[PDB]
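>>> opening piece of the complex, as it sits:
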Amino acid sequence: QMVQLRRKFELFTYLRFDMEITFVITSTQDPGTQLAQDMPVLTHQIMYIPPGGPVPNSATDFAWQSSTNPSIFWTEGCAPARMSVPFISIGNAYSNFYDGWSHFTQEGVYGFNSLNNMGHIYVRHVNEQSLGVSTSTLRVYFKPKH
Amino acid sequence: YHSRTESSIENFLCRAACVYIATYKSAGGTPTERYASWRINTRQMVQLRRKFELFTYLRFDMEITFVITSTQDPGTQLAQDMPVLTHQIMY
């Protein structure tokens, strides 16, 4: 999705790396009536759904409480949240290019259902905040290692 | 030849799991919602119950962790300057 990093990765056919993802979450108080007033502290859950893992349809779903999907509970006001994901593939490398098809009959899409799946990342507020709305903005700083 | 450490008994039965979510207030009314209570049993949560019920006899220590997030209730006579909340968790 990001062209600047896509061009650097597409100088190579086959890649193999761990991930080092960092989340910069800054929240704010929404305007309007029924204000936040005394808001105690915001806690956020960041869930990494491993490839082929339960994916949340929306907020307050069981996918969030699934033990299988690794999660980070982070409280605002301190250092950002960090996680590291190893090389997760049935294959022996990721492939930037795939001259081929997804089904054995040369049917489907020209190189999109390949085993180059790294998973998803889902973030929500843990709090049950009734009065006032708090709008947070997530920044994902992805970095490959090794 | 692969590795079998992912399916050892420690790696299969040692994951943290949210087993109890309750709420408790901080002002009067009925003397029940001012505190929380949980008898430690591995039978109320079906997902963890099925993993423990692959075995007849178990022996383990516990590692309990408490994630407490508070909020300000609406209505009149607001909290305003609230200094800091301290909580007692008793085993």
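Good, I have the coordinates. Residues are numbered from 1 along each chain as shown, chains lettered A, B, ... in the order given.
>>> from here on, contacts and neighbour counts on C-alpha atoms
Will do.
>>> centroid residue for chain B?
The residue lying closest to the centre of chain B (Cα atoms, centre = their mean) is residue B:20, at 4.4 Å.
>>> for the chain, what's the longest helix?
All of this refers to chain A. Counting residues, the longest helix in chain A under DSSP state H turns out to be helix A:3-9.
>>> meant chain B, my bad for not saying
With DSSP H applied, the helix covering the greatest number of residues in chain B is identified as helix B:46-52.
>>> can you list the residues of chain B near chain A?
Among all residues of chain B, those adjacent to chain A (criterion: Cα under 8 Å from any Cα of the partner chain) are B:15-18, B:69-74, B:79-82.
>>> what's opposite residue A:29 in the beta bridge?
Residue A:29 has the following beta-bridge partners by DSSP bridges: residue A:134.
>>> for it, which residues are in contact?
For residue A:29, the contact set (Cα atoms under 8 Å, 6 or more residues apart in numbering or on different chains) comprises A:36, A:132-135.
>>> follow-up on the earlier one: make JSON lines from the residues of chain B next to chain A and add neighbour count and secondary structure to it.
What follows is the residues of chain B next to chain A, written out as JSON lines (neighbours: other Cα atoms under 10 Å in any protein chain shown; DSSP: H, G, I helix; E, B strand; the rest coil):
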{"residue": "B:15", "neighbour count": "11", "secondary structure": "coil"}
{"residue": "B:16", "neighbour count": "10", "secondary structure": "coil"}
{"residue": "B:17", "neighbour count": "15", "secondary structure": "coil"}
{"residue": "B:18", "neighbour count": "14", "secondary structure": "coil"}
{"residue": "B:69", "neighbour count": "14", "secondary structure": "coil"}
{"residue": "B:70", "neighbour count": "16", "secondary structure": "coil"}
{"residue": "B:71", "neighbour count": "17", "secondary structure": "coil"}
{"residue": "B:72", "neighbour count": "18", "secondary structure": "coil"}
{"residue": "B:73", "neighbour count": "16", "secondary structure": "coil"}
{"residue": "B:74", "neighbour count": "15", "secondary structure": "coil"}
{"residue": "B:79", "neighbour count": "13", "secondary structure": "coil"}
{"residue": "B:80", "neighbour count": "10", "secondary structure": "coil"}
{"residue": "B:81", "neighbour count": "8", "secondary structure": "coil"}
{"residue": "B:82", "neighbour count": "11", "secondary structure": "coil"}
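>>> add chain C to what we have:
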Amino acid sequence: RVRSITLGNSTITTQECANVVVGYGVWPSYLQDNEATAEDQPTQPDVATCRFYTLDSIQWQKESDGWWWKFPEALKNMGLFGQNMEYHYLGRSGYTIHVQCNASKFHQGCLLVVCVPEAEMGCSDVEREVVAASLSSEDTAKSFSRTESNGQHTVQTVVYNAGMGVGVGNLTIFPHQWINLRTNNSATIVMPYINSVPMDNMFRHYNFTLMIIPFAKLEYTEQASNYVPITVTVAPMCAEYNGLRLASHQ
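Placing chain C onto the earlier chains gives this:
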């Protein structure tokens, strides 16, 4: 100096002593023990598949732009190697593409013979996708074009972008050879098996693409035969399979 090469009890190719390009620096080899994931033994058909499959000759005319073959579909009907693509499930093979031209000393021109691993190609219409019938024919070449292609499900076959959206002069990054008719006559590239898995199904996946692009166009006077035949000869190396069954596909 005119040494003959016999590979199997069917094939004879005559060739002088010239330069070869060996892959990314490795020779093709057989799979060892700490390289595979499959639950069985390979049972390589060494006794029958190692021979020369000389494809049909293309005519390098004055106004031609370039040709590509996708592999291993380029040997889909070629003999017993095409039968092994039918009656198996996985496959793994290196190749020794030998390309040579028959020009006089009064012809001039220059070719670039590339082997492009994972040469995924874009479509001639954006917001659309290619079909398999426009990527490659089974044994004949696919022509690049000087102008812009404009079809619905075809390939962007313009020549200076090489079908991949790159500069055509930068294809020298992959294993390559220059046939310069002044001095060189032939070109021989030894490609190993490159994949991210040890064995893949050789119907859906295209392992590499052999492109032959003329950078300096062919010129000749009026006495001369107005084409130069380019003859490609593919010999598979260290082919091994798995999954004996019937011909489920095609």
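>>> back to the contacts of residue A:29, now that we've got chain C?
For residue A:29, the contacting residues are A:36, A:132-135, taking Cα under 8 Å, 6+ apart as the criterion.
>>> check residue A:42 too.
Residues touching residue A:42, when contacts are defined by Cα under 8 Å, 6+ apart, comprise A:75-76, A:125-127, B:69.
>>> re earlier: which SSE is the closest residue to the residue nearest to the centre of chain B other than its chain neighbours in?
Using Cα to Cα, 6 or more residues apart in numbering or on different chains and skipping the chain neighbours, the partner closest in space to residue B:20 is residue B:38 (7.5 Å). Taking DSSP states H and E as the criterion, residue B:38 maps to no regular element, lying outside all helices and strands.
>>> for residue C:40, give its distance to chain B.
According to Cα to the nearest Cα, to the nearest Å, residue C:40 stands 13 Å off from chain B.
>>> near chain C, from the contacts of residue A:29?
Applying Cα under 8 Å from any Cα to these, none is adjacent to chain C.
>>> pretty sure the residue nearest to the centre of chain B contacts residue B:37?
No. The pair residue B:20 and residue B:37 does not pass the contact test of Cα atoms under 8 Å, sitting 9.5 Å apart.
>>> the strands in chain C, which residues?
C:4-6, C:12-14, C:21-22, C:53-54, C:58-60, C:67-71, C:90-101, C:108-117, C:142-143, C:176-180, C:186-191, C:208-219, C:228-234, C:236-242 (DSSP state E).
>>> now those in TSV, with mean neighbour count and distance to chain B?
As requested, the strands of chain C are exported to TSV (neighbours: other Cα atoms under 10 Å in any protein chain shown; distance: least, Cα to the nearest Cα, whole Å):
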stretch	mean neighbour count	distance to chain B
strand C:4-6	12	41
strand C:12-14	11	44
strand C:21-22	16	32
strand C:53-54	18	39
strand C:58-60	17	49
strand C:67-71	23	32
strand C:90-101	21	21
strand C:108-117	22	30
strand C:142-143	18	44
strand C:176-180	21	38
strand C:186-191	24	30
strand C:208-219	20	31
strand C:228-234	18	36
strand C:236-242	22	19
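>>> to the structure above, add chain D:
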Amino acid sequence: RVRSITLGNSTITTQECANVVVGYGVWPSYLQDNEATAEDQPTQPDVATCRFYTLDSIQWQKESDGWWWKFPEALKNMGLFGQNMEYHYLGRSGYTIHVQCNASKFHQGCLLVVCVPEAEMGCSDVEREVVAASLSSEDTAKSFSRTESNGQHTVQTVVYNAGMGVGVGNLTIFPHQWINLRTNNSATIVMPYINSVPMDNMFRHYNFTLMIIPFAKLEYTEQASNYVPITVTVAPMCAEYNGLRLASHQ
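This next block brings in chain D, placed alongside the chains you saw above:
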């Protein structure tokens, strides 16, 4: 005592420890130097053709007379050995016919399993000749008859003259085995290659005929399954060829 036999990476046959008949006293072997007349080398396909070709089972009923298969036409469609009969000119092969029955202890009967070299057969009409469609089917048996056949171009399929004009009790002269259901269950004959030339074309020539004739007929009471399946399993031995070409015939 229930030892399994695996021949090639496709075949498994289970069998106990019993008696074999080895040809006219020789095992099948490969051709040596002072035995051939052809101008080339054999290039035997040992790596692919040595396996078990279990044909379809016949039903030994109470009123059946006998069955014959002509060889090597009996493996005309059976796999790669049928392909070598197409894409070659000469051929030479021994066989290991294994015949076994599945009867209970409450069945009774007796079979004679003969391998007849050069079993040339007479026609059902004198002053006439047979056709190739009446000598043998490609994979199924041909039945002998109790009564007299009366066709125009058929075979004299009466059972006590064995199609050759001889006494049926004298077929014990050729390599044979008796399946007596009281004591024996199976029969295995190892035929070598018998010809007057070192290699013959295996479309026109029938090397031998495998006959299975019941001498004591099958009896059973009313509880019993009213047939005994006879299963024939042919494994070629030391097959070698000459004359690589296309499939000129069929």
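>>> repeat for the contacts of residue A:42, accounting for chain D.
Under the criterion of Cα under 8 Å, 6+ apart, the contact partners of residue A:42 comprise A:75-76, A:125-127, B:69.
>>> closest to residue C:159 among these?
Each of the contacts of residue A:42 was scored against residue C:159 by Cα to Cα, and residue A:125 proved nearest at 53.2 Å.
>>> next, work out how far apart that closest one and residue A:43 are.
Plainly put, residue A:125 is 6 Å away from residue A:43 if you go by Cα to Cα, to the nearest Å.
>>> equivalent analysis for residue A:137, please.
Computed with Cα to Cα, the distance linking residue A:137 and residue A:43 is 13 Å.
>>> which residues in chain A form helices?
A:3-9, A:62-65.
>>> winner for burial among the ones you listed?
For the helices of chain A, the largest average neighbour count (mean count of other Cα atoms under 10 Å in any protein chain shown) is found in helix A:62-65, namely a mean of 18.
>>> give me the contacts around it.
Helix A:62-65 is contacted from outside by A:47, A:54-56, A:69, B:17-18, using Cα under 8 Å, 6+ apart.
>>> returning to that earlier point: tell me the secondary structure for the residue nearest to the centre of chain B?
Recorded secondary structure, residue B:20: coil (DSSP: H, G, I helix; E, B strand; the rest coil).
>>> drop anything exposed from the contacts of helix A:62-65.
A residue is treated as buried here by neighbour count (16 or more other Cα atoms under 10 Å in any protein chain shown); on that basis the buried members of these are A:47, A:55-56, A:69.
>>> who does the spatially most central residue of chain C form a beta bridge with?
The geometric centre of chain C, computed from its C-alpha atoms, lies nearest to residue C:210 (Cα atoms, centre = their mean), at 3.5 Å. Per DSSP bridges, residues listed as beta-bridge partners of residue C:210: residue C:69, residue C:115.
>>> tell me the secondary structure of whichever residue of chain B sits closest to chain C, please.
Among residues of chain B, the one nearest chain C by Cα to the nearest Cα turns out to be residue B:1. It sits 8.9 Å away. The three-state label for residue B:1, taken from three-state DSSP, comes out as coil.
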